[PDB]
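These notes are about the structure you will find just below.
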Protein chains: 10
Amino acid sequence: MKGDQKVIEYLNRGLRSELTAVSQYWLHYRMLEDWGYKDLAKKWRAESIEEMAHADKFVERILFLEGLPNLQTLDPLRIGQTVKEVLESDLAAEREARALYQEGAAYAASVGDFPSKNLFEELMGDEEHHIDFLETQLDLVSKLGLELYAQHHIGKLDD
Amino acid sequence: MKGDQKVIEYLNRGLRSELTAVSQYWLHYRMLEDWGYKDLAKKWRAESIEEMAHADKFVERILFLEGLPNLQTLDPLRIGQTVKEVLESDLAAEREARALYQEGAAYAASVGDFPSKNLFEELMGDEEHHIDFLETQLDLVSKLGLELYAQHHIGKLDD
Amino acid sequence: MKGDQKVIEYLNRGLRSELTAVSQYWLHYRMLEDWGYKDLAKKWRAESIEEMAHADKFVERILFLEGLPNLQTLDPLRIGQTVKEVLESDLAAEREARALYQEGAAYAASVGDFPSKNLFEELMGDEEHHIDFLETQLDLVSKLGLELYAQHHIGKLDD
Amino acid sequence: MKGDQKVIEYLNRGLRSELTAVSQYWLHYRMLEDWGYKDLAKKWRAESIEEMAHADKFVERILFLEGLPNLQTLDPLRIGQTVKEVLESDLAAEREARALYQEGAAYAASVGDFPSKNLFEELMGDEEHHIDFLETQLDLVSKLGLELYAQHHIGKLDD
Amino acid sequence: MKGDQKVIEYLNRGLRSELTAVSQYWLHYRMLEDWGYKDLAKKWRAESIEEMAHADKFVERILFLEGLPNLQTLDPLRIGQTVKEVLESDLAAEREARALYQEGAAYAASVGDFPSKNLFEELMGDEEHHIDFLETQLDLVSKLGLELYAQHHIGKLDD
Amino acid sequence: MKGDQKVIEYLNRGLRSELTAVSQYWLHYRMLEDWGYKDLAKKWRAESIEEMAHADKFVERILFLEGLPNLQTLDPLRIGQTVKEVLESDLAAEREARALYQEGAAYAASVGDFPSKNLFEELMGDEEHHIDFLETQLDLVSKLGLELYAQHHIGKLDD
Amino acid sequence: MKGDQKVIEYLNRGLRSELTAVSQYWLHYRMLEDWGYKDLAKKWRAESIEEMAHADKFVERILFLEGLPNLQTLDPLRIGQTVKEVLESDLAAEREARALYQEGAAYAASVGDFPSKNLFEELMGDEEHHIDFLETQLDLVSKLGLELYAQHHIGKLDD
Amino acid sequence: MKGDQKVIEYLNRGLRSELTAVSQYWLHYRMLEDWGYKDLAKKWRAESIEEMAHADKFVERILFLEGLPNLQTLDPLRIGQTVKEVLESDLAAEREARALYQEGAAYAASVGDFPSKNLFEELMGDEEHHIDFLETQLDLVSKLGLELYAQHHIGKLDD
Amino acid sequence: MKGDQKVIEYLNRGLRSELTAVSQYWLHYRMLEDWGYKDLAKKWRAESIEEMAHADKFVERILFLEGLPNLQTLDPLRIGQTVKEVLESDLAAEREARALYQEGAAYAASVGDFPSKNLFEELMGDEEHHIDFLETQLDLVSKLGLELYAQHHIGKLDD
Amino acid sequence: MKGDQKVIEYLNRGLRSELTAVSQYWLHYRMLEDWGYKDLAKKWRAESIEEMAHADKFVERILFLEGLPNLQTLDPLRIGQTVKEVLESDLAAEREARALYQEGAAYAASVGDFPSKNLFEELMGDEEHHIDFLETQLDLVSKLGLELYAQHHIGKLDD
Ligand code: HEM
Ligand code: HEM
Ligand code: HEM
Ligand code: HEM
Ligand code: HEM
Ligand code: HEM
Ligand code: HEM
Ligand SMILES: [Fe+3]
Ligand SMILES: [Fe+3]
Ligand SMILES: [Fe+3]
Ligand SMILES: [Fe+3]
Ligand SMILES: [Fe+3]
Ligand SMILES: [Fe+3]
Ligand SMILES: [Fe+3]
Ligand SMILES: [Fe+3]
Ligand SMILES: [Fe+3]
Ligand SMILES: [Fe+3]
Ligand SMILES: [Fe+3]
Ligand SMILES: [Fe+3]
Ligand SMILES: [Fe+3]
Ligand SMILES: [Fe+3]
Ligand SMILES: [Fe+3]
Ligand SMILES: [Fe+3]
Ligand SMILES: [Fe+3]
Ligand SMILES: [Fe+3]
Ligand SMILES: [Fe+3]
Ligand SMILES: [Fe+3]
């Protein structure tokens, strides 16, 4: 069904944002695993897979609206070198994704594309749950120090 | 453990090749679904998820070798506009991936990094199964014509 | 609870649209069955039952807002005489229903009747999934021809 | 138990015929798989395994009659290059095997070796079922054309 | 995918070697059963069926590499007249098969056909397990004499 | 139904042969048990019961053809005094029974009594399996000596 | 089967290296248990038993190649007096074992003993997983300090 | 808890004895397997694992008494070249271990270290069961000859 | 049965020691629970119940030997005021109980009362396991500090 | 293994004592059953079977030490004629067996035969449990009179 070209542009901006988060979370998962924080690694792997579902919802919507989904390029990645910098990198990206979705929902609403608007608002609400998650981990790091925070989430040793 | 710099560069080239295949297969999956070839869409979703696991093997090995995995960029995507061009696009990409892993395995062997060599060889074997699959599909298209080939794989209608 | 009279008018327009789709899909189901395309018949029967649920949601909302639901009349039916004309008739009706729901959601939003607005937007999103379904079947008919498309969905012979 | 030398010669001719069919069917199975007709491939694999059982029954009978089973050589293979030529190659071989078994049963009967006669007649009846199978596939190819026949038996795509 | 001509010749030589082993082991199985060594017959039937799977791996790889698998001929069979000569016949054949796969793996490696190289190496390892088995049996025959060795493996009488 | 008198005479000769084998096998079973070869005893008991089924099939056929089954007399029994002589006695009887059945099948065939012919041929095939069994045991005794052969089949001690 | 003398010497050097690791890991396991780090003791017991299986693979291959496995002596043990020195002791030993297997695989390859080459490569890959594990533990100790690292792994108290 | 230094010296002598038996039994297990006596191989593997448990009990006791367990060195191994020499080698070692444990139990008793005394006496009783086992096998070899003894324990052939 | 009066005196000294440990452990369990270290509390409760079983074994033995078990009085209790002092109090008591049992076992041995001697030696071995437990906890407190040690064993909060 | 001759003499004295108790308990069981005290009969039957296990442990130990177990003769039996005399007869025998085992354990200890010493001490402890049992029954008879004691253990009447 022929979609609004500007809504399609917002959908493709969203897809880009999600692809970036998929890779940034997945890299951070494997970094956390390499550093030995296995419980934090398990959560990051789960967060990356949630973002993969988000990316998929954008590709499907773009195609339904007869647009061309662009998976060629990512936004710039922010790569930590400590557990605190991993948290802060992901938080900064999630804040930019939420702002994008807020913009895309308002735009879609203004042209009557209510199902696209609902997609952006559902994703906005999901990104606020990730922001809440990340802010909470940074608050722990503030109150307890990074060492006590990360030590709690080392996890169990493999068989 | 500090790895050979050149083996790490090959592993990063492989990572890029897999991330490209992941996005290329996923977009093709969703294009095939949008066109109504549900059985070919199932297969492409499965192939993409296989490539996801390959990408993850490269990230893991790069970190073990104290390299920086680079997920920032993809090789250029080849996007088909017909079922036949989807088949041809994926086959071109798999042929380049197979040659890259052949080269990476030979290089890793020449510096005694046998576990990196075995990762490239195992992946080279997997990509050959992909090539076999894609070549077989194109053969069916040559012998039967595209309409007969694609009609067989429309699949079942959703509840 | 006393509702906005204009929202109630949109609800009754929606009910009319749904009653029309229930009957048009059900007739097309039984036509597809009479022509022998049993797999297409099963899907049309399922689509008519989904529309019956839609009709029911409008009757319930109209009554809650102290309106009188009007089930007396249908919009004009479009009846195919070939599988292609069945697809095209249902697509044209679904396009008119989506536009109605878009209008009803915006109107309801403008008077603060948010639960009515949500009803219209949920139904708008459902109608876009039917449009996506129908467009896909027409695309198959375009790429493969009507005979190869319909032959795939003849289905199994009854015991 | 000392057998009739000429019956033993017919048994060894039969063994040769079966070894030839085992290999010809197995090669055709793997050809059909390489071309993508997976449902025809599954049936050819099953037919080759039935012939393996036939070969085994001849080796056992030859030994019981104190002969030397000769598995050194095959009759000439007929290798298709299209699905039609695969069907025709196997049919021609099955016609020669049936004639051999008919001859071996009559001979064995004429010297009173009734259990050998029963072996040849049981195998003759099995070969007529394969001939019936192959003739039927060629009849389909005649009435529908090779493309519609082979397209029906492409089968499902692997996980 | 077009393969190296010389790797394909090695794979066809391997195919011949496996088809020879299949028939040699199967005939030995049935000779051992005819002599009454039922436990040694069970083991030989199992070894033959292992070699069948090896033959099939070679047919599959030759076709993928767009070669013509040749199942027409076998290498010369070695047929024992005692349990000891059966052991010695099979061991001679396995030693020639192991050397052929060693050569094929080294050649495939030298042209970068690593998946064909890994097929020959995996089979070379399997043939070494066969050699180990057969050497062990001949050792028992040296230490205990053939009568004691073969008597242990007569097995149970059939219902 | 009135049968051919000569076929009935062959049926009664067969019945006599079977009664003889029932008793000869049963006596040898109990001899083998008394000497302590319990595994050979179990097999002889099973062989006698198979012959009892054979005897029964002759009594039923004779009656259907309105003959008088004669169970009054046995052929002369051959009673071993060693395990080797038991094997040789049963082999000599089985050779005479096979020749009788061969004669009875040919005769029945020559007068069109095909179901009687089938009975004799089915029994001929059964007797060749017993001959194969006995010949194999004698071959073991030849290659290993009687003591090693019989020792293997002493079996387990009763609770 | 007679093996290459130098490959057998490499396999015996590998056997010594594994027997050393078995005893070193087992003693460390029991020292960690004595100090009260029950979760680190579980992991070390598991690592020792992994090394036991490696030692056994070398004994088996040496005997197949008609060598004499030498279990008489170990390389010098490195015994830690703190959790950190246990980690460092095991990592030094694993780095020497990895280099030995790299050398053994390259030598076995150069004489065409591919199954011995594959045993060294598989073990070289396993030792790299050990190295990864140990390096990760030392990283946690650098980032968190030894007290925080070791406290996390005290584990549960026994019933 | 600070132990008696001489008891600790006996514990470490015991540990040495057990390490020696672990390796000597394990090597003999794999020798028996290479020669084809699989039932004797299974028992030797089980005996080596029992000795591994014995070794572990000494390491634990030494640490509890604040000694340093020494796993660096083994007593000299006795390696058979026939089944009889394997039995005799293990018997000679078990006789020396029993005498050691007898000495260690008496010593521990004389300084009041009753739990160490109980350890040595429990192990002494275990070693007498191994001696009883080995003496019995040598008695069989004496009464029956080595060939009949070893032939009984060849075991079953692997699938 | 009339026992040795001095053995009975040692049994009653033992009973006194056990009653003291029952109460000291139980009080410390409830102290640890009141301070919030629930995992340490669970272990102390379990240790007190083990000591209750020890006390019971002394009452039963005293009665069998026709003595009067004296449960009137306890040795002086040592009550901690910190987790470290709880560990040290229980260790000091366990050291005195082990010395008592060592004395009682030697005495009983010197008058031939072997079952009483076995009781004291079994209990001596049990007390060394408690000493090992307590020493290990003090070692943790030494290496990690009391705060990190006790924090690990706070346990879970009740429903 | 060659044992100490005097220990073997004590073992055979023990065996004699046990054989005597087996028969004395079994006779008393059947006497108690004949008099109608079925619950006392069940316990005596159980006590005789425990003594049978004791006798067996002595025969096994004597043989392991290369002695000749002597089961020819019993110590003199003491046969009651009332329930009180049955109790007193068994008590007197158990007192003599305990004294024997005490002597045998001390002797075995003095020559270092610790496993024999452990056997005598384990049996001494078992005999004290029987003495405790018998003394308790006599105490009941003293406090309640023989009639009230025996009446309680008449038991149930058989179906
Ligand atoms: C960084 C690149 C990526 C990596 C390393 C990656 C990794 C993976 C892995 C390893 C799994 C399987 C998880 C499991 O089975 O436990 C997975 C699942 C999935 N991925 Fe990816 N992925 C990547 C990119 C993508 C992209 C670009 C998309 C779609 C646009 C995608 C969509 C999915 C979906 C939808 C699933 C779940 C499939 C199912 O549950 O059926 N992922 N991902
Ligand atoms: C063309 C006129 C219609 C026809 C031919 C029709 C046919 C049917 C049939 C045969 C079923 C049962 C499906 C089954 O049990 O498999 C059904 C279910 C249903 N219909 Fe209708 N229907 C029609 C109009 C309506 C209308 C006007 C409504 C409400 C406004 C309605 C609401 C429902 C609902 C809600 C169900 C499912 C009931 C349940 O699952 O409990 N249908 N329809
Ligand atoms: C072209 C040469 C052959 C190939 C490629 C081949 C292939 C195989 C394969 C892959 C199987 C196992 C099928 C399964 O497990 O699904 C098999 C089974 C079997 N084959 Fe062969 N085979 C060949 C020649 C032989 C010969 C020469 C004989 C006997 C003369 C034989 C007798 C059997 C029998 C009897 C089975 C079934 C075994 C059972 O079910 O226990 N095959 N064949
Ligand atoms: C030597 C004279 C024979 C002896 C010692 C004998 C012994 C037996 C024994 C002990 C069984 C039962 C086997 C079991 O239950 O495990 C049996 C079964 C049988 N016997 Fe006989 N038999 C003799 C003669 C006959 C004759 C003359 C016939 C018929 C002509 C006969 C027909 C059968 C049949 C048909 C069964 C199996 C019955 C069933 O499975 O329902 N036997 N024989
Ligand atoms: C010759 C050197 C050794 C070899 C070849 C060896 C081999 C093995 C193998 C293959 C297993 C696992 C058995 C199974 O899972 O079936 C094992 C188990 C075991 N080994 Fe070793 N081992 C050796 C030395 C040691 C040493 C030095 C000790 C301790 C001092 C040890 C203690 C154990 C224990 C305690 C188990 C059983 C573990 C469990 O059941 O959880 N072994 N051994
Ligand atoms: C400090 C004085 C004691 C306290 C506070 C105490 C507490 C308890 C508690 C609460 C239980 C039940 C545990 C459960 O069911 O989870 C118990 C079990 C037991 N106690 Fe005591 N106890 C004390 C003294 C004794 C004494 C003096 C003895 C014997 C001399 C004794 C022997 C037992 C035995 C044998 C059990 C387990 C009973 C069974 O499992 O059947 N305790 N104790
Ligand atoms: C007075 C002479 C004896 C009599 C009347 C006797 C009676 C029995 C009875 C009737 C049983 C089976 C109990 C049951 O199945 O409920 C039995 C078991 C047993 N007896 Fe005897 N026995 C006697 C002497 C012996 C001797 C001399 C020994 C060994 C030296 C012996 C060792 C055993 C053993 C070990 C069992 C248990 C077997 C098992 O559980 O597998 N008994 N006794
Ligand atoms: Fe997202
Ligand atoms: Fe997010
Ligand atoms: Fe890949
Ligand atoms: Fe691929
Ligand atoms: Fe609707
Ligand atoms: Fe709709
Ligand atoms: Fe056939
Ligand atoms: Fe056929
Ligand atoms: Fe093979
Ligand atoms: Fe082989
Ligand atoms: Fe018969
Ligand atoms: Fe017969
Ligand atoms: Fe290792
Ligand atoms: Fe390791
Ligand atoms: Fe031991
Ligand atoms: Fe031992
Ligand atoms: Fe205690
Ligand atoms: Fe205690
Ligand atoms: Fe006793
Ligand atoms: Fe007793």
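Positions of Cβ are backbone-derived with ideal geometry, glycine not excepted, and every protein chain shown enters the neighbour counts. Rule-based calculations on the coordinates, nothing more; no lab input.
Brief remarks follow.
To keep it simple, each residue is scored yes or no on (1) surrounded by 18 or more Cβ atoms within 10 Å (Cβ to Cβ); (2) touching a strand residue (DSSP E or B) at 6+ places or on another chain (Cβ under 8 Å).
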{"site": "D:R16", "(1), (2)": "yes, yes"}
{"site": "D:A21", "(1), (2)": "yes, no"}
{"site": "D:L27", "(1), (2)": "yes, no"}
{"site": "D:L32", "(1), (2)": "yes, no"}
{"site": "D:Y37", "(1), (2)": "yes, no"}
{"site": "D:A55", "(1), (2)": "yes, no"}
{"site": "D:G67", "(1), (2)": "yes, no"}
{"site": "D:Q72", "(1), (2)": "no, no"}
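- Failed condition for B:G112, given (1) under 18 Å from B:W26 (Cβ atoms); (2) away from ligand 11 (no atom under 14 Å from the Cβ): (1)
- Residue match in the stretch C:36-50 (condition: touching a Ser or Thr at 6+ places or on another chain (Cβ under 8 Å), of a type in the set (V, I, T) and within 16 Å of ligand 13 (Cβ to nearest atom)): no
- Among the residues listed as C:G3, C:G14, the single one being under 17 Å from the mean Cα position of the chain (by Cα) and of a type outside the set (S, T, Y): C:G14
- In the stretch D:109-156, of all residues being farther than 30 Å from B:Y149 by Cα and touching a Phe, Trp or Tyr at 6+ places or on another chain (Cβ under 6 Å), the one that is farthest from ligand 10 (Cβ to nearest atom) corresponds to D:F120.
- I:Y107 vs. criteria facing another protein chain (nearest Cβ under 10 Å) and under 25 Å from H:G112 (Cβ atoms): no
- Candidates G:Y149, G:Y101: the one that is closer than 26 Å to G:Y37 by Cβ and of a type in the set (F, W, Y) is G:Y149.
- Scanning the stretch C:127-141 for residues that are more than 10 Å from chain B (Cβ to nearest Cβ) and either within 16 Å of ligand 2 (Cβ to nearest atom) or not hydrophobic (A, V, I, L, M, F, W, C) (or both) yields C:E127, C:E128, C:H130.
- Of the criteria (1) closer than 30 Å to H:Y101 by Cα; (2) surrounded by fewer than 14 Cβ atoms within 10 Å (Cβ to Cβ); (3) more than 14 Å from chain H (Cβ to nearest Cβ); (4) not aliphatic (A, V, I, L, M), which one J:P76 fails: (1)
- One residue from I:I62, I:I49 being buried (at least 16 other Cβ atoms within 10 Å of the Cβ), within 14 Å of another protein chain (Cβ to nearest Cβ), among the β-branched types (V, I, T) and more than 16 Å from ligand 12 (Cβ to nearest atom): I:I62
- Any hit, the stretch A:24-45, residues being assigned to a helix (DSSP H, G or I), in contact (Cβ under 8 Å) with a residue 24 or more places away in the chain and farther than 22 Å from A:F133 by Cα: no
- Every condition in (1) surrounded by fewer than 18 Cβ atoms within 10 Å (Cβ to Cβ); (2) within 14 Å of chain H (Cβ to nearest Cβ); (3) closer than 26 Å to I:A150 by Cβ holds for G:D159 except the one numbered (2).
- Condition check for A:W35: over 12 Å from the mean Cα position of the chain (by Cα) and among the aromatic types (F, W, Y): yes
- Residue in the stretch B:83-91 that is within 13 Å of ligand 10 (Cβ to nearest atom), among the aliphatic types (A, V, I, L, M) and within 11 Å of the chain's Cα centre (by Cα) present: no
- Residue list for the stretch I:118-134, filter: crowded, with 23+ Cβ neighbours inside 10 Å and either within 16 Å of ligand 27 (Cβ to nearest atom) or within 18 Å of J:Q102 (Cβ to Cβ) (or both): I:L119, I:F120
- Filtered residue count, the stretch C:90-106, keeping only those that are of a type in the set (G, A, S) and either surrounded by 20 or more Cβ atoms within 10 Å (Cβ to Cβ) or in contact with a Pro (Cβ under 6 Å, 6 or more places away or on another chain) (or both): 4
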